[PDB]
Structure formats: C-alpha cells, structure tokens
Amino acid sequence: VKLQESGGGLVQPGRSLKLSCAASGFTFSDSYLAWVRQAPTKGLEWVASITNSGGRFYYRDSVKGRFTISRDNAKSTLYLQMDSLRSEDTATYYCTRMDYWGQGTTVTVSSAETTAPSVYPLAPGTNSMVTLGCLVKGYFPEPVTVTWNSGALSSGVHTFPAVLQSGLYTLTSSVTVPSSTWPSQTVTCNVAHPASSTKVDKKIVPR
Amino acid sequence: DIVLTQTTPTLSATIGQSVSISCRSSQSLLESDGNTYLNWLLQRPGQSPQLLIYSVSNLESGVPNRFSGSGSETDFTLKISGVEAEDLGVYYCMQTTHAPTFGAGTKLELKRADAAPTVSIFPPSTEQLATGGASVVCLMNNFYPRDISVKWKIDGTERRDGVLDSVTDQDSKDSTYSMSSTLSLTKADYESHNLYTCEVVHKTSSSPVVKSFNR
Amino acid sequence: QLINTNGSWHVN
C-alpha cells in the first residue's frame with residue numbers, strides 16, 4: 001500500500017492549488033479516503049473526506065465552499081481543489097485511508113516573496129570550549145540548511161527552529177569547538193537556501 | 001463540535017517504563033452501530049502520522065504488542081507497556097463517531113538526569129548594525145528538563161519587547177534541549193545603552209546564570 | 001472500524 005501526494009507549493013493569498021494523491025498496492029474503489037492537514041509546529045485537522053464511490057463527503061467548516069474533494073477510481077487518484085487560499089491554509093497535507101498515510105505535500109500561503117537570507121556571525125564579545133554561531137536572517141520560504149566547515153564539524157552543532165517575523169524567517173545555528181581550534185583554525189558556516197538558489201559561506205572572525 | 005481533551009501535553013518516561021495517555025471526549029463516542037470510533041496515532045519527529053490502535057482497543061497490524069487501548073464512552077487510554085526510544089514523539093487521539101476531530105497531542109519525551117544549560121551571549125555584528133537593526137543572541141545549550149526561563153536586561157532593566165525564542169527537539173543521542181533567544185533592537189536603540197545581559201533560570205541552580213557584554 | 005464511513009456528519 002502506497003500513498004503519494006503532489007501539487008503543494010507556495011502561493012499568494014486568494015490563489016488556487018490542486019493537490020493529488022497517487023495510490024497503489026490496493027483496490028482504490030473500495031477505500032474511503034481523507035485529507036488531513038498539519039500547520040507547522042501544530043497538530044492534525046481533518047480537512048475533507050470521501051466515500052469509496054463518492055456520493056458522500058465531508059468538509060470541515062473553515063474550508064466549506066472553497067475546497068473540493070474528488071477521486072478518479074480508474075486512475076487510482078484522490079484530489080483536493082483548493083480555491084481562495086488563506087494564510088490559515090498553510091500546512092502539510094496528508095492523503096490517508098487511516099491505516100496508511102502519505103509522506104505529505106507542503107502548502108505555503110503567503111504574501112511574502114522568495115528572499116535569500118543575510119548571514120551574520122555570532123562571535124564572543126569578551127583551556128575551554130568556545131561556542132560560535134551564524135544568524136540566518138530575512139529568508140523565505142523555509143527551509144535553510146546550515147553546515148559547519150562543510151561537513152567537518154558535526155558534534156556540538158545546534159540548528160534552532162526558524163521564527164517568523166514580518167513574513168520572513170530567522171534562525172541561529174551554533175557550533176561548539178575547543179578554544180585551541182578557534183581562531184587558530186578557520187570556522188565557517190555554510191548556509192543553503194534552495195528556494196532562492198543561494199549558498200552563503202560566512203567565516204567567523206574574532207571581534 | 002466534539003472536543004477531545006488530552007489532559008497531559010507532555011510525558012517524561014524512562015526506557016522500560018509503562019505509560020498511559022488519556023483522552024477525554026466532550027460527548028459519548030459510542031455510535032448507533034455499537035462501535036466507538038476512537039483511534040490512536042503516533043507521529044515521530046519529521047515523519048507522517050502512524051496508526052497504532054483503532055476502535056478503542058484494536059491493535060493495527062505491524063504495531064508492537066506493548067501498545068494497548070481501552071476506554072469507556074467518554075474516557076480513553078493508550079497504554080505503552082514498556083516505552084522504547086522509537087515510541088518517542090507525539091500521540092494523538094482521534095474520533096469519527098461525530099464530525100472528525102483530533103486531540104491537541106501528548107508529547108512523549110525521554111527522562112534523563114538534569115543538565116544545566118551552557119549560556120552564551122552574542123553582541124550584534126558590525127555588519128548587521130550597518131543596516132537598520134541589531135539582534136542580540138543568547139544561547140542556552142544542552143539542558144534538561146525543557147522548562148527554562150530567560151530574561152533580557154539592558155543597563156539593569158528588563159526588556160520584554162522584540163524578544164523571540166526557539167527550542168530544539170529533544171536530542172536523540174543526549175536527550176537534552178537547546179534554546180536560542182534573540183533580542184531585536186534598532187541600531188539607535190542598541191547604541192543608546194551599554195550593558196547587555198541574558199539571565200537564565202533553570203531548576204539545576206537556585207541562582208540564575210547571567211551572561212553579559214558591553215556596547 | 002478504521003473510520004465511521006456511514007457517519008451522519010457526511011453531506012451529499
């Protein structure tokens with residue numbers, strides 16, 4: 001049994017998106033199916049559901065009149081037409097028969113435009129362990145990948161969840177190295193933002 | 001609207017310990033056909049939800065025997081008879097007797113020895129100050145339990161506005177949490193003051209951990 | 001058993 005969602009992406013408010021879920025490994029026409037969403041950091045919500053032959057369906061109050069659940073039994077595919085999209089609709093959408101769930105498709109509804117981040121060093125401003133970091137500010141959408149000395153520094157690495165501010169994301173990433181390593185040897189954070197096709201390397205230099 | 005209440009938002013367990021996660025319904029979940037449509041789901045970090053138990057007590061195929069479910073018409077329980085590391089995550093109760101609803105979830109975290117945070121304060125870079133604003137960063141790394149308090153003090157007085165916090169998921173290897181706090185200020189506001197302090201309150205110490213810089 | 005497929009909350 002396999003469920004694979006597609007159609008997710010970034011859209012401005014009021015715009016449309018159609019999600020699809022390709023099914024295999026079971027008699028599709030025999031299964032009742034649903035769309036379950038999860039807003040980032042939040043829990044699960046039942047969006048829409050449909051019986052094996054259509055005929056009966058359900059939409060949660062917040063999506064009534066905007067969303068349309070349908071299925072193509074001959075094509076083994078479940079659909080979710082989403083119109084008049086709101087920021088409230090930002091979530092990962094799962095296609096599910098309850099016993100089986102897909103990997104999800106992410107939907108981001110925002111007026112914010114794809115922006116590359118600005119990378120700032122976090123260096124101490126004063127026989128031990130030193131903590132250095134990178135402030136990755138003003139990017140959209142998520143995610144950003146942060147590595148230290150390419151893959152060379154992996155222990156003592158903390159990449160914190162991004163926080164939203166005025167439609168843009170900001171995160172910090174830290175690395176803990178021995179005092180004998182830095183500034184003697186180079187420490188660099190490598191920031192990757194696939195959405196804007198940006199790779200930024202920032203060497204951490206003492207203050 | 002049927003309200004599913006999972007009274008405990010977080011549970012701290014040791015490996016091999018037995019745990020019970022409760023779910024309370026606002027109305028009876030007994031359907032006219034004699035069935036009670038209450039399911040239990042687990043969602044491990046970065047994964048999609050996974051069905052453990054359906055119709056109060058039925059174990060789904062492929063799911064370990066240590067998971068059991070029981071319940072009345074309004075009170076339901078998922079029992080883990082000996083928690084394992086793979087059982088860590090968020091547990092959700094869910095019903096379809098009425099218009100489908102979920103519980104807010106119960107995070108099952110691992111209990112470890114208390115660990116004091118390693119606190120680090122960072123002044124804004126000269127580079128960012130060259131723009132409109134300044135961000136003052138405070139890190140509190142590898143601490144346990146999750147419960148921690150951070151206070152920002154500018155020239156001895158507390159600053160509440162422009163503060164944004166973020167906590168990592170419990171580390172799979174060391175079972176600790178790490179938190180980052182960012183104090184956002186304007187260049188003018190930043191240059192107006194001298195002493196910049198991060199005050200950290202954690203159960204590991206009676207006295208707060210204080211980290212400061214000047215400018 | 002998995003879902004109340006016949007639930008009265010369904011529309012048509």
# chains A, B, ... in the order shown; residues from 1 in each chain; ligands from 1

call {"tool": "residues_around", "arguments": {"residues": "residue A:147", "least_positions_apart": "2", "cutoff": "10 Å", "atoms": "only C-alpha atoms", "output": "NGL selection string"}}
result
:A and (145 or 149-154 or 157-159 or 173-175 or 188-192 or 201)

call {"tool": "closest_atom_pairs", "arguments": {"of": "chain B", "to": "chain A", "cutoff": "8 Å", "atoms": "only C-alpha atoms", "output": "CSV"}}
result
residue,atom,partner,partner_atom,distance
B:47,CA,A:103,CA,7.5
B:48,CA,A:103,CA,5.8
B:49,CA,A:101,CA,6.9
B:50,CA,A:101,CA,7.2
B:51,CA,A:99,CA,5.6
B:60,CA,A:99,CA,7.5
B:100,CA,A:46,CA,6.2
B:101,CA,A:46,CA,6.7
B:102,CA,A:44,CA,6.4
B:104,CA,A:43,CA,5.9
B:105,CA,A:43,CA,6.8
B:120,CA,A:131,CA,7.2
B:121,CA,A:124,CA,7.3
B:122,CA,A:122,CA,5.8
B:123,CA,A:125,CA,6.2
B:124,CA,A:122,CA,7.5
B:125,CA,A:121,CA,6.4
B:127,CA,A:120,CA,7.1
B:128,CA,A:120,CA,6.8
B:137,CA,A:122,CA,7.9
B:164,CA,A:163,CA,7.3
B:165,CA,A:163,CA,7.8
B:166,CA,A:161,CA,5.9
B:167,CA,A:160,CA,6.4
B:168,CA,A:160,CA,5.6
B:178,CA,A:158,CA,7.5
B:179,CA,A:160,CA,7.2
B:180,CA,A:160,CA,6.8
B:213,CA,A:125,CA,6.3

call {"tool": "interface_residues", "arguments": {"of": "chain C", "to": "chain B", "cutoff": "6 Å", "atoms": "only C-alpha atoms", "output": "ChimeraX atom specification"}}
result
/C:1-4,9

call {"tool": "write_last_selection", "arguments": {"atoms": "C-alpha atoms", "output": "compact mmCIF listing (two decimals), in the first residue's frame"}}
result
# COMPACT_ATOMS: atom_id res chain seq x y z
CA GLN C 1 -13.68 0.02 12.18
CA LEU C 2 -10.94 2.44 10.98
CA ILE C 3 -13.38 5.26 10.07
CA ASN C 4 -17.16 5.71 10.56
CA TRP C 9 -21.79 14.03 9.60

call {"tool": "residues_around", "arguments": {"residues": "residue B:191", "least_positions_apart": "6", "cutoff": "10 Å", "atoms": "only C-alpha atoms", "output": "list in words"}}
result
residues 129, 134, 185 and 215 of chain B

call {"tool": "select_by_dssp", "arguments": {"residues": "stretch 47-131 of chain A", "states": "strand (DSSP E or B)", "output": "PyMOL selection string"}}
result
chain A and resi 47-50+52+54+57-59+67-72+77-82+91-96+101+105-109+115+118-122+129-131

call {"tool": "write_last_selection", "arguments": {"atoms": "C-alpha atoms", "output": "compact mmCIF listing (two decimals), in the first residue's frame"}}
result
# COMPACT_ATOMS: atom_id res chain seq x y z
CA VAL A 47 -9.87 18.73 6.01
CA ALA A 48 -12.15 16.72 3.71
CA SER A 49 -13.08 13.04 3.25
CA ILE A 50 -14.90 10.94 0.62
CA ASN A 52 -15.27 4.69 -1.86
CA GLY A 54 -18.06 9.32 -3.94
CA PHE A 57 -18.23 13.51 1.57
CA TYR A 58 -17.28 15.92 4.34
CA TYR A 59 -15.57 19.34 4.60
CA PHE A 67 -12.22 23.30 -1.21
CA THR A 68 -13.46 20.42 -3.45
CA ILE A 69 -12.55 16.75 -2.67
CA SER A 70 -12.90 14.29 -5.64
CA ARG A 71 -11.44 10.97 -6.77
CA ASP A 72 -10.77 9.13 -10.04
CA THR A 77 -6.04 9.22 -7.61
CA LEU A 78 -7.55 11.43 -4.90
CA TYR A 79 -7.84 15.19 -5.41
CA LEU A 80 -8.20 18.36 -3.34
CA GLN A 81 -9.06 21.52 -5.31
CA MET A 82 -8.22 24.43 -3.02
CA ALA A 91 0.17 23.26 6.42
CA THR A 92 1.48 19.91 5.21
CA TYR A 93 -1.42 17.97 3.62
CA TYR A 94 -1.67 14.20 4.03
CA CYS A 95 -3.68 11.81 1.94
CA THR A 96 -4.85 8.93 4.15
CA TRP A 101 -0.69 7.85 5.30
CA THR A 105 2.80 17.77 0.47
CA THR A 106 3.55 21.22 1.86
CA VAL A 107 1.31 24.21 1.12
CA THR A 108 2.54 27.71 1.98
CA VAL A 109 0.03 30.57 1.61
CA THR A 115 14.03 36.12 -0.36
CA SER A 118 21.51 37.65 5.14
CA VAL A 119 24.13 35.75 7.18
CA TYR A 120 25.70 37.38 10.26
CA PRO A 121 28.43 35.96 12.53
CA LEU A 122 27.85 35.18 16.22
CA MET A 129 35.18 25.19 24.75
CA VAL A 130 34.00 28.12 22.60
CA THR A 131 30.56 28.46 21.06

call {"tool": "residues_around", "arguments": {"residues": "residue A:29", "least_positions_apart": "4", "cutoff": "8 Å", "atoms": "only C-alpha atoms", "output": "VMD selection string"}}
result
chain A and resid 52 to 53 73 76

call {"tool": "closest_residue", "arguments": {"among": "B:89, B:126, B:211, B:80", "to": "residue A:205", "atoms": "only C-alpha atoms"}}
result
B:126

call {"tool": "interface_residues", "arguments": {"of": "chain C", "to": "chain A", "cutoff": "7 Å", "atoms": "only C-alpha atoms", "output": "PyMOL selection string"}}
result
chain C and resi 2+5+10-12

call {"tool": "write_last_selection", "arguments": {"atoms": "C-alpha atoms", "output": "compact mmCIF listing (two decimals), in the first residue's frame"}}
result
# COMPACT_ATOMS: atom_id res chain seq x y z
CA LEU C 2 -10.94 2.44 10.98
CA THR C 5 -17.75 5.64 6.77
CA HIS C 10 -21.44 13.33 5.80
CA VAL C 11 -23.09 15.56 3.13
CA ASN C 12 -24.17 14.68 -0.46

call {"tool": "atom_distance", "arguments": {"atom1": "atom CA of residue B:88", "atom2": "atom CA of residue B:44"}}
result
6.5 Å

call {"tool": "residues_around", "arguments": {"residues": "residue A:183", "least_positions_apart": "3", "cutoff": "10 Å", "atoms": "only C-alpha atoms", "output": "NGL selection string"}}
result
:A and (130 or 179-180 or 186-187 or 204-206)

call {"tool": "write_last_selection", "arguments": {"atoms": "C-alpha atoms", "output": "PDB file, in the first residue's frame"}}
result
ATOM      1  CA  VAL A 130      34.001  28.121  22.596  1.00  0.00           C
ATOM      2  CA  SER A 179      39.481  27.003  22.465  1.00  0.00           C
ATOM      3  CA  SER A 180      42.679  25.612  20.767  1.00  0.00           C
ATOM      4  CA  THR A 186      39.078  28.601  10.360  1.00  0.00           C
ATOM      5  CA  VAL A 187      35.399  28.161  11.361  1.00  0.00           C
ATOM      6  CA  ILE A 204      33.570  33.516  11.899  1.00  0.00           C
ATOM      7  CA  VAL A 205      36.363  36.015  12.714  1.00  0.00           C
ATOM      8  CA  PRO A 206      37.072  37.209  16.319  1.00  0.00           C
TER       9      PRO A 206
END

call {"tool": "residues_around", "arguments": {"residues": "residue B:9", "least_positions_apart": "4", "cutoff": "10 Å", "atoms": "only C-alpha atoms", "output": "ChimeraX atom specification"}}
result
/B:5,21,90-91,104-108

call {"tool": "write_last_selection", "arguments": {"atoms": "N, CA, C and O atoms", "output": "PDB file, in the first residue's frame"}}
result
ATOM      1  N   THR B   5      -9.974  15.934  24.732  1.00  0.00           N
ATOM      2  CA  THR B   5      -9.028  16.515  25.695  1.00  0.00           C
ATOM      3  C   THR B   5      -7.985  15.522  26.141  1.00  0.00           C
ATOM      4  O   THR B   5      -8.308  14.528  26.794  1.00  0.00           O
ATOM      5  N   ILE B  21      -1.644   7.324  28.247  1.00  0.00           N
ATOM      6  CA  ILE B  21      -2.011   8.616  27.683  1.00  0.00           C
ATOM      7  C   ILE B  21      -3.525   8.590  27.646  1.00  0.00           C
ATOM      8  O   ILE B  21      -4.107   7.664  27.108  1.00  0.00           O
ATOM      9  N   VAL B  90       4.828  12.398  19.329  1.00  0.00           N
ATOM     10  CA  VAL B  90       3.521  12.972  19.729  1.00  0.00           C
ATOM     11  C   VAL B  90       2.407  11.983  19.415  1.00  0.00           C
ATOM     12  O   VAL B  90       2.315  11.474  18.288  1.00  0.00           O
ATOM     13  N   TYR B  91       1.587  11.696  20.444  1.00  0.00           N
ATOM     14  CA  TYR B  91       0.426  10.807  20.399  1.00  0.00           C
ATOM     15  C   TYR B  91      -0.838  11.582  20.272  1.00  0.00           C
ATOM     16  O   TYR B  91      -1.049  12.532  20.997  1.00  0.00           O
ATOM     17  N   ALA B 104      -5.155  17.591  20.865  1.00  0.00           N
ATOM     18  CA  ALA B 104      -4.033  18.503  20.594  1.00  0.00           C
ATOM     19  C   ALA B 104      -2.653  17.798  20.619  1.00  0.00           C
ATOM     20  O   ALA B 104      -1.660  18.398  20.229  1.00  0.00           O
ATOM     21  N   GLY B 105      -2.632  16.542  21.048  1.00  0.00           N
ATOM     22  CA  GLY B 105      -1.436  15.729  21.142  1.00  0.00           C
ATOM     23  C   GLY B 105      -0.793  15.701  22.523  1.00  0.00           C
ATOM     24  O   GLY B 105      -0.949  16.628  23.332  1.00  0.00           O
ATOM     25  N   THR B 106      -0.059  14.620  22.789  1.00  0.00           N
ATOM     26  CA  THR B 106       0.684  14.423  24.015  1.00  0.00           C
ATOM     27  C   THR B 106       2.076  14.056  23.575  1.00  0.00           C
ATOM     28  O   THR B 106       2.274  13.003  22.944  1.00  0.00           O
ATOM     29  N   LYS B 107       3.049  14.922  23.912  1.00  0.00           N
ATOM     30  CA  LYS B 107       4.452  14.683  23.602  1.00  0.00           C
ATOM     31  C   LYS B 107       5.018  13.683  24.615  1.00  0.00           C
ATOM     32  O   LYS B 107       4.876  13.878  25.822  1.00  0.00           O
ATOM     33  N   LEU B 108       5.609  12.592  24.115  1.00  0.00           N
ATOM     34  CA  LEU B 108       6.251  11.620  24.974  1.00  0.00           C
ATOM     35  C   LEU B 108       7.761  11.855  24.801  1.00  0.00           C
ATOM     36  O   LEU B 108       8.328  11.571  23.734  1.00  0.00           O
TER      37      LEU B 108
END

call {"tool": "closest_residue", "arguments": {"among": "A:200, A:74, A:116, A:17", "to": "residue A:146", "atoms": "only C-alpha atoms"}}
result
A:200
